[PDB]
Amino acid sequence: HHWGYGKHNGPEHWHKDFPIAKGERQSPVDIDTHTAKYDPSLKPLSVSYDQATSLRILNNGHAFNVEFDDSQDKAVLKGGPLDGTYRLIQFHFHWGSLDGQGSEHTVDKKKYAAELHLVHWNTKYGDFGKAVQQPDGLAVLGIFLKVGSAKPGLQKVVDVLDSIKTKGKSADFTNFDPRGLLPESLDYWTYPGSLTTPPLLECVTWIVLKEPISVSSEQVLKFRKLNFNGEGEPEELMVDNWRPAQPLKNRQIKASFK
Ligand SMILES: [Zn+2]
């Protein structure tokens, strides 16, 4: 038995196994655009993804993760509110059962159809397991998805999902370029927060991009055909794997733009 997004084990239950769920710097949050503070000292993001090496795609029972080689500085995030170099280790999505929901963050209470998380860890801590124990250990780039036009650079991911339908399945996934998932503008909001899945550690600098990317209804439809369950178990569609907004408490959201 274990956490998930169902009626008996979803986000409202997580605090019993993970008391940090009611902590002071939980994610996601609603981004109130009129209350966010423009901060001129914020630097532009530096995304260096030209030498990225993707390796594998995995259904972990809660999402699917595209994994990268993070044994060297190949795909890194620098700049913005960050000090130091953060290496890309994996990206994943959260999505809904319907187009009107699915994102984790919201903007002026608006929900998007899905949210992309590019997860990076701070190289000064040596490995990902050490980094998540540190308040400045991770940086996650969050990108909203809206339904409209198709996203050409997402199609290679959509076409492999049939091969990892059920929990624990993986497939080789080499030569994927994550630059094809970025919006035109890199303007962002940032705040200190947490992982949005157990163990919910408060180790994340969130960088949430203002500009959404567009994907087609057929693309997001294929996400909704994945399964939470393992092969041979009763079928439960992988939908609504998002955590709702958490109280902002003593935090300020900063904007890189006006
Ligand atoms: Zn996530």
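Ranked by how many other Cβ atoms sit within 10 Å of their own Cβ, fewest first, the residues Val158, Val220 fall in the order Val158, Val220. Distance between the 7 Å Cα→Cβ label points at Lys74 and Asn175: 1.4 nm.
In loop segments of segment 63-161 as defined by DSSP, there are no chymotrypsin sites (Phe, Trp or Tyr not before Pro) with at most 16 further C-beta atoms inside 10 Å of their C-beta. In plain terms, the residue of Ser71, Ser103 with the fewest other Cβ atoms within 10 Å comes first and the most crowded comes last, giving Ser71, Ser103. Loop-resident trypsin sites (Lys or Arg not before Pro) (DSSP state other than H, G, I, E or B) in segment 58-133 with no more than 13 further Cβ atoms inside 10 Å of their Cβ: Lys109. Here the Gaussian network model covers the chain, with springs between Cα atoms less than 10 Å apart; of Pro19, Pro135, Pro244, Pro19 fluctuates the most.
Among the GluC sites (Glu not before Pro) found in segment 179-258, those both in a DSSP coil and sparsely packed, with 12 or fewer other Cβ atoms within 10 Å of their Cβ, are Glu184, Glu231, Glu235.
Taking a ≥ b ≥ c as the square roots of the eigenvalues of the Cα gyration tensor, segment 23-113 is classed as oblate, since a/c reaches at least 1.5 and a/b does not exceed b/c.
The gain in end-to-end length when the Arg224 to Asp108 segment is fully stretched comes to 39.2 nm, 0.36 nm per residue minus the alpha carbon separation. Which whole-number percentage describes the relative contact order of the chain, with Cα contacts under 8 Å and a sequence gap of 6 or more? 27 percent.
Rounded to 0.05, the FRET efficiency of the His34 and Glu184 pair, given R0 = 25 Å and the Cβ-Cβ distance, is 0.55. All distinct Cα pairs of the chain go into the 1/r average, and the inverse of that average, the Kirkwood radius, is 18.5 Å. The dipole here belongs to segment 1-108: it is taken about the Cα centre, uses +1 on the Cβ of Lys and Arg and -1 on the Cβ of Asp and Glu, and is about 200 debye.
A short reminder: the numbers here are calculations on the coordinates, not readings from a lab. Cβ sites come from the backbone with ideal geometry, for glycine too, and all protein chains shown count toward neighbours.
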